[PDB]
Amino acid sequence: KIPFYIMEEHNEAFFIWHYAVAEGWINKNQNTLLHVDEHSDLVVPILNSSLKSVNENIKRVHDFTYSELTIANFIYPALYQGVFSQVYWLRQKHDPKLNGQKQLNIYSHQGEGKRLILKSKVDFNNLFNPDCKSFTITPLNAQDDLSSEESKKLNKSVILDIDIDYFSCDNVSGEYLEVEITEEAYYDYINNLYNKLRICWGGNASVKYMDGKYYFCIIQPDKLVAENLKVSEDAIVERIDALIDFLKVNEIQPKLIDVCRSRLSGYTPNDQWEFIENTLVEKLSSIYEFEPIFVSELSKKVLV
């Protein structure tokens, strides 16, 4: 049986990886992240906690995961800790400019493990620096014919990290961020000349009134440049089958599989997420042996 885990939001993947190392399902380091997602999740985080200290025990990892980790900044931390030595990002259609391997290195400011710094060329000072980790991020497609040399390089301690929004996505519902505010806060935003929030926070940011309630729209997606990434149930099935073929052809045997719904964040359509998860698990069960366990089960063992 392959360890198989399902989470609501992607930051939880960090907790699952460290749990797997603790139980010994995957190795301490030199693992491969097969990151199957519409988004790269390669935001370089600044953290309050040192990633050196977070690693010590699983209870500390759990608290960090649901505190400082976002749904787009959870990979570079795992790379800085040396959990993965190479990342393969699988997408429906990649940007044309970005193609082939990318030789990168990550270190923290003054070795504190708080402010991560990304570089293409390894600095002379970071030569034989334990803080500095070298790795490669590669853009792949499910329809890519992979060479015998490239196939060998990918197939080393593989973690199959799948976000359901890979198959069908809604960036408009996903990007949109709001918080309910008081009438006093709403009024000051519009009418106060020097309301810091209006004149210091740009983009599409706004305040709105609905149902006798007030909201600060922190982030509104640009609907003019928004692509229609929501596809039919047939297109989803086709896309899931294409992933199975990529895994079959490259003879991928994961040491850990994790699935992210991304339906509470709204990136996966709310009327599809059940169909995509159910169909994926069915299709994954045809080539792999596993028992799907919800991430809550891991939390309960840690909290007690």
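In case it trips you up, residue 1 is the first one in the sequence shown, and so on.
- For the pair 3 to 11 and 295 to 303, the mean Cα B-factor is higher in 295 to 303.
- Stretches 180 to 188 and 95 to 103 differ in mean CA B factor, with 95 to 103 having the higher one.
- Between the residues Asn171, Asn126, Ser134, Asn204, the entry's highest C-alpha temperature factor is the one at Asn126.
- Between the residues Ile159, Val83, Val225, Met210, the entry's highest C-alpha temperature factor is the one at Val225.
- In the PDB entry, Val231 places in the middle third of its chain by CA B-factor.
- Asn73 sits in the lowest third of its chain by CA B factor, as recorded in the PDB entry.
- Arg115: CA B factor lies in the middle third for its chain, per the PDB record.
- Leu90 sits in the middle third of its chain by CA B factor, as recorded in the PDB entry.
- Looking at the C-alpha B-factors along this chain, the one for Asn141 belongs to the highest third.
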